[PDB]
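**Q** File protein_2.csv follows (CSV, N, CA and C atoms):
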```
chain,number,residue,atom,x,y,z
C,7,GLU,N,26.2,-85.3,-60.9
C,7,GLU,CA,24.8,-84.9,-60.6
C,7,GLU,C,24.6,-83.4,-61.0
C,8,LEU,N,23.4,-83.1,-61.3
C,8,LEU,CA,23.0,-81.7,-61.7
C,8,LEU,C,22.3,-81.0,-60.5
C,9,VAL,N,22.5,-79.7,-60.5
C,9,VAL,CA,21.8,-78.8,-59.6
C,9,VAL,C,21.2,-77.6,-60.4
C,10,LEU,N,20.1,-77.1,-59.9
C,10,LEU,CA,19.5,-75.9,-60.5
C,10,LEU,C,19.9,-74.7,-59.6
C,11,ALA,N,20.3,-73.6,-60.3
C,11,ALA,CA,20.5,-72.3,-59.6
C,11,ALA,C,19.2,-71.7,-59.3
C,12,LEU,N,18.9,-71.5,-58.0
C,12,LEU,CA,17.7,-70.9,-57.5
C,12,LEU,C,17.7,-69.3,-57.6
C,13,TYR,N,19.0,-68.8,-57.5
C,13,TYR,CA,19.3,-67.4,-57.5
C,13,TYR,C,20.5,-67.1,-58.3
C,14,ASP,N,20.6,-65.9,-58.8
C,14,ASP,CA,21.9,-65.3,-59.3
C,14,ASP,C,22.8,-65.3,-58.1
C,15,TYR,N,24.1,-65.6,-58.4
C,15,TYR,CA,25.2,-65.4,-57.4
C,15,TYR,C,26.4,-65.0,-58.1
C,16,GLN,N,26.9,-63.8,-57.8
C,16,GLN,CA,28.2,-63.3,-58.3
C,16,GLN,C,29.3,-63.7,-57.4
C,17,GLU,N,30.4,-64.2,-57.9
C,17,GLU,CA,31.6,-64.6,-57.2
C,17,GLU,C,32.1,-63.4,-56.4
C,18,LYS,N,32.5,-63.7,-55.2
C,18,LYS,CA,33.0,-62.7,-54.3
C,18,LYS,C,34.4,-63.0,-53.7
C,19,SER,N,35.0,-64.2,-54.2
C,19,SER,CA,36.3,-64.5,-53.8
C,19,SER,C,36.9,-65.5,-54.8
C,20,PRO,N,38.2,-65.6,-54.8
C,20,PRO,CA,38.9,-66.4,-55.9
C,20,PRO,C,38.4,-67.8,-56.1
C,21,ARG,N,38.0,-68.4,-55.1
C,21,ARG,CA,37.5,-69.8,-55.2
C,21,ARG,C,36.1,-69.9,-55.6
C,22,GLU,N,35.3,-68.8,-55.7
C,22,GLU,CA,33.9,-68.9,-56.1
C,22,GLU,C,33.7,-68.8,-57.6
C,23,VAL,N,32.5,-69.1,-58.0
C,23,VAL,CA,32.1,-68.9,-59.4
C,23,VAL,C,30.8,-68.2,-59.4
C,24,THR,N,30.5,-67.6,-60.6
C,24,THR,CA,29.2,-66.9,-60.8
C,24,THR,C,28.2,-67.8,-61.5
C,25,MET,N,27.0,-67.7,-61.1
C,25,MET,CA,25.8,-68.4,-61.8
C,25,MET,C,24.6,-67.4,-61.9
C,26,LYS,N,23.8,-67.8,-62.9
C,26,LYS,CA,22.5,-67.1,-63.1
C,26,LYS,C,21.4,-68.0,-62.7
C,27,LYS,N,20.3,-67.4,-62.1
C,27,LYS,CA,19.1,-68.2,-61.8
C,27,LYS,C,18.6,-68.9,-63.0
C,28,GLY,N,18.3,-70.2,-62.8
C,28,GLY,CA,17.9,-71.1,-63.9
C,28,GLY,C,19.0,-71.9,-64.5
C,29,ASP,N,20.2,-71.6,-64.2
C,29,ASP,CA,21.4,-72.3,-64.8
C,29,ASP,C,21.3,-73.7,-64.2
C,30,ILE,N,21.8,-74.7,-65.0
C,30,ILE,CA,21.9,-76.1,-64.6
C,30,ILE,C,23.4,-76.3,-64.5
C,31,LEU,N,23.8,-76.6,-63.3
C,31,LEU,CA,25.2,-76.7,-63.0
C,31,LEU,C,25.6,-78.2,-62.7
C,32,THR,N,26.8,-78.6,-63.0
C,32,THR,CA,27.3,-79.9,-62.6
C,32,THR,C,27.8,-79.8,-61.2
C,33,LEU,N,27.4,-80.7,-60.3
C,33,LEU,CA,27.8,-80.7,-58.9
C,33,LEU,C,29.1,-81.5,-58.8
C,34,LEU,N,30.2,-80.9,-58.3
C,34,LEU,CA,31.5,-81.5,-58.2
C,34,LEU,C,31.8,-82.0,-56.8
C,35,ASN,N,31.4,-81.2,-55.7
C,35,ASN,CA,31.7,-81.6,-54.4
C,35,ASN,C,30.7,-80.9,-53.5
C,36,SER,N,29.9,-81.7,-52.8
C,36,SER,CA,28.9,-81.3,-51.8
C,36,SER,C,29.2,-81.7,-50.4
C,37,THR,N,30.4,-81.9,-50.1
C,37,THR,CA,30.8,-82.4,-48.7
C,37,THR,C,30.6,-81.3,-47.6
C,38,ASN,N,30.7,-80.0,-48.0
C,38,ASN,CA,30.5,-78.9,-47.1
C,38,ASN,C,29.0,-78.6,-47.1
C,39,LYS,N,28.5,-78.2,-45.9
C,39,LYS,CA,27.0,-78.0,-45.9
C,39,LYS,C,26.7,-76.6,-46.4
C,40,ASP,N,27.7,-75.7,-46.4
C,40,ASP,CA,27.4,-74.3,-46.8
C,40,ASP,C,27.8,-73.9,-48.2
C,41,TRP,N,28.9,-74.5,-48.7
C,41,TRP,CA,29.5,-74.1,-50.0
C,41,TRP,C,29.7,-75.4,-50.8
C,42,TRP,N,29.1,-75.4,-52.0
C,42,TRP,CA,29.2,-76.6,-52.9
C,42,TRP,C,30.1,-76.2,-54.1
C,43,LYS,N,30.9,-77.1,-54.5
C,43,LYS,CA,31.7,-76.9,-55.7
C,43,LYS,C,31.0,-77.3,-56.9
C,44,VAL,N,30.9,-76.4,-57.9
C,44,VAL,CA,30.1,-76.7,-59.1
C,44,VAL,C,30.9,-76.3,-60.4
C,45,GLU,N,30.4,-76.8,-61.5
C,45,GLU,CA,30.9,-76.4,-62.8
C,45,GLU,C,29.7,-75.7,-63.5
C,46,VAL,N,30.0,-74.5,-64.0
C,46,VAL,CA,29.1,-73.6,-64.7
C,46,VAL,C,29.9,-73.4,-66.0
C,47,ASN,N,29.6,-74.2,-67.0
C,47,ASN,CA,30.3,-74.3,-68.3
C,47,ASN,C,31.8,-74.5,-68.2
C,48,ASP,N,32.6,-73.5,-68.5
C,48,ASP,CA,34.0,-73.7,-68.6
C,48,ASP,C,34.7,-73.3,-67.3
C,49,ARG,N,33.9,-73.1,-66.3
C,49,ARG,CA,34.4,-72.7,-65.0
C,49,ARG,C,34.0,-73.5,-63.8
C,50,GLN,N,34.8,-73.7,-62.8
C,50,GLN,CA,34.5,-74.4,-61.6
C,50,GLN,C,34.8,-73.5,-60.4
C,51,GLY,N,34.0,-73.7,-59.3
C,51,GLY,CA,34.2,-73.0,-58.1
C,51,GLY,C,33.1,-73.2,-57.2
C,52,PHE,N,33.1,-72.5,-56.1
C,52,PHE,CA,32.1,-72.6,-55.0
C,52,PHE,C,31.0,-71.6,-55.1
C,53,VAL,N,29.8,-72.1,-54.8
C,53,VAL,CA,28.6,-71.3,-54.7
C,53,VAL,C,27.9,-71.7,-53.4
C,54,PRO,N,27.0,-70.8,-52.8
C,54,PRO,CA,26.3,-71.2,-51.6
C,54,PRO,C,25.4,-72.4,-51.9
C,55,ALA,N,25.5,-73.4,-51.0
C,55,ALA,CA,24.6,-74.6,-51.2
C,55,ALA,C,23.1,-74.3,-51.1
C,56,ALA,N,22.7,-73.3,-50.3
C,56,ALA,CA,21.4,-73.0,-50.2
C,56,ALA,C,20.8,-72.4,-51.5
C,57,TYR,N,21.7,-71.9,-52.4
C,57,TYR,CA,21.2,-71.2,-53.6
C,57,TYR,C,21.1,-72.2,-54.8
C,58,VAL,N,21.3,-73.5,-54.5
C,58,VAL,CA,21.1,-74.4,-55.6
C,58,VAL,C,20.2,-75.6,-55.1
C,59,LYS,N,19.6,-76.3,-56.0
C,59,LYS,CA,18.7,-77.4,-55.7
C,59,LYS,C,19.2,-78.6,-56.5
C,60,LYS,N,19.5,-79.7,-55.8
C,60,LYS,CA,19.8,-81.0,-56.5
C,60,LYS,C,18.6,-81.4,-57.3
C,61,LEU,N,18.8,-81.9,-58.5
C,61,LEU,CA,17.8,-82.4,-59.4
C,61,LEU,C,17.6,-83.9,-59.3
```
What is this file in structure tokens?

**A**
Amino acid sequence: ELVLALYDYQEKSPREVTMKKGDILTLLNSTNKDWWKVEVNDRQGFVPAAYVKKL
């Protein structure tokens, strides 16, 4: 599934990844209500669930 980045988000821990507003990310794991695992091109990691929108 794809999600839209609603905001920029800079990674703040080893398990996180960076995204820019408008990026289309592949959703890898949405089992946590607060942190979703996503693929942003060649990278995978967690971003805040609130900051993305399922398409």

**Q** Which of stretch 15-51 of chain C counts as strand (DSSP E or B) under DSSP, as a PDB file with N, CA and C atoms, in the coordinates of the input please?

**A**
```pdb
ATOM      1  N   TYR C  15      24.100 -65.600 -58.400  1.00  0.00           N
ATOM      2  CA  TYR C  15      25.200 -65.400 -57.400  1.00  0.00           C
ATOM      3  C   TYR C  15      26.400 -65.000 -58.100  1.00  0.00           C
ATOM      4  N   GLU C  22      35.300 -68.800 -55.700  1.00  0.00           N
ATOM      5  CA  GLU C  22      33.900 -68.900 -56.100  1.00  0.00           C
ATOM      6  C   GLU C  22      33.700 -68.800 -57.600  1.00  0.00           C
ATOM      7  N   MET C  25      27.000 -67.700 -61.100  1.00  0.00           N
ATOM      8  CA  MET C  25      25.800 -68.400 -61.800  1.00  0.00           C
ATOM      9  C   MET C  25      24.600 -67.400 -61.900  1.00  0.00           C
ATOM     10  N   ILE C  30      21.800 -74.700 -65.000  1.00  0.00           N
ATOM     11  CA  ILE C  30      21.900 -76.100 -64.600  1.00  0.00           C
ATOM     12  C   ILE C  30      23.400 -76.300 -64.500  1.00  0.00           C
ATOM     13  N   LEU C  31      23.800 -76.600 -63.300  1.00  0.00           N
ATOM     14  CA  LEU C  31      25.200 -76.700 -63.000  1.00  0.00           C
ATOM     15  C   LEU C  31      25.600 -78.200 -62.700  1.00  0.00           C
ATOM     16  N   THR C  32      26.800 -78.600 -63.000  1.00  0.00           N
ATOM     17  CA  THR C  32      27.300 -79.900 -62.600  1.00  0.00           C
ATOM     18  C   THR C  32      27.800 -79.800 -61.200  1.00  0.00           C
ATOM     19  N   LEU C  33      27.400 -80.700 -60.300  1.00  0.00           N
ATOM     20  CA  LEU C  33      27.800 -80.700 -58.900  1.00  0.00           C
ATOM     21  C   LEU C  33      29.100 -81.500 -58.800  1.00  0.00           C
ATOM     22  N   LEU C  34      30.200 -80.900 -58.300  1.00  0.00           N
ATOM     23  CA  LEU C  34      31.500 -81.500 -58.200  1.00  0.00           C
ATOM     24  C   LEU C  34      31.800 -82.000 -56.800  1.00  0.00           C
ATOM     25  N   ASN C  35      31.400 -81.200 -55.700  1.00  0.00           N
ATOM     26  CA  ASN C  35      31.700 -81.600 -54.400  1.00  0.00           C
ATOM     27  C   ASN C  35      30.700 -80.900 -53.500  1.00  0.00           C
ATOM     28  N   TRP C  41      28.900 -74.500 -48.700  1.00  0.00           N
ATOM     29  CA  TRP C  41      29.500 -74.100 -50.000  1.00  0.00           C
ATOM     30  C   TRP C  41      29.700 -75.400 -50.800  1.00  0.00           C
ATOM     31  N   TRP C  42      29.100 -75.400 -52.000  1.00  0.00           N
ATOM     32  CA  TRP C  42      29.200 -76.600 -52.900  1.00  0.00           C
ATOM     33  C   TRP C  42      30.100 -76.200 -54.100  1.00  0.00           C
ATOM     34  N   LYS C  43      30.900 -77.100 -54.500  1.00  0.00           N
ATOM     35  CA  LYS C  43      31.700 -76.900 -55.700  1.00  0.00           C
ATOM     36  C   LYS C  43      31.000 -77.300 -56.900  1.00  0.00           C
ATOM     37  N   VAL C  44      30.900 -76.400 -57.900  1.00  0.00           N
ATOM     38  CA  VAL C  44      30.100 -76.700 -59.100  1.00  0.00           C
ATOM     39  C   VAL C  44      30.900 -76.300 -60.400  1.00  0.00           C
ATOM     40  N   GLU C  45      30.400 -76.800 -61.500  1.00  0.00           N
ATOM     41  CA  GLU C  45      30.900 -76.400 -62.800  1.00  0.00           C
ATOM     42  C   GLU C  45      29.700 -75.700 -63.500  1.00  0.00           C
ATOM     43  N   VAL C  46      30.000 -74.500 -64.000  1.00  0.00           N
ATOM     44  CA  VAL C  46      29.100 -73.600 -64.700  1.00  0.00           C
ATOM     45  C   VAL C  46      29.900 -73.400 -66.000  1.00  0.00           C
ATOM     46  N   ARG C  49      33.900 -73.100 -66.300  1.00  0.00           N
ATOM     47  CA  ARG C  49      34.400 -72.700 -65.000  1.00  0.00           C
ATOM     48  C   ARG C  49      34.000 -73.500 -63.800  1.00  0.00           C
ATOM     49  N   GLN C  50      34.800 -73.700 -62.800  1.00  0.00           N
ATOM     50  CA  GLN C  50      34.500 -74.400 -61.600  1.00  0.00           C
ATOM     51  C   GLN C  50      34.800 -73.500 -60.400  1.00  0.00           C
ATOM     52  N   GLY C  51      34.000 -73.700 -59.300  1.00  0.00           N
ATOM     53  CA  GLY C  51      34.200 -73.000 -58.100  1.00  0.00           C
ATOM     54  C   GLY C  51      33.100 -73.200 -57.200  1.00  0.00           C
TER      55      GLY C  51
END
```

**Q** Please provide the set of residues having any atom within 12 Å of residue C:19, restricted to only C-alpha atoms, with same-chain residues fewer than 5 positions apart removed, written as a list in words.

**A**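 The residues satisfying every condition are residues 24, 51, 52 and 53 of chain C.
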
**Q** What is the distance, in Å and to one decimal place, between atom N of residue C:22 and atom CA of residue C:42?

**A** 10.3 Å

**Q** Taking (19.0, -73.2, -60.6) in the file's coordinates as the center, which residues reach within 6.5 Å of it, counting all atoms listed in the file, put as a PyMOL selection string?

**A** chain C and resi 9-13+26-31+57-59

**Q** I'd like the interatomic distance between atom CA of residue C:39 and atom CA of residue C:15, to a tenth of an Å.

**A**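 Between atom CA of residue C:39 and atom CA of residue C:15 the gap works out to 17.2 Å.
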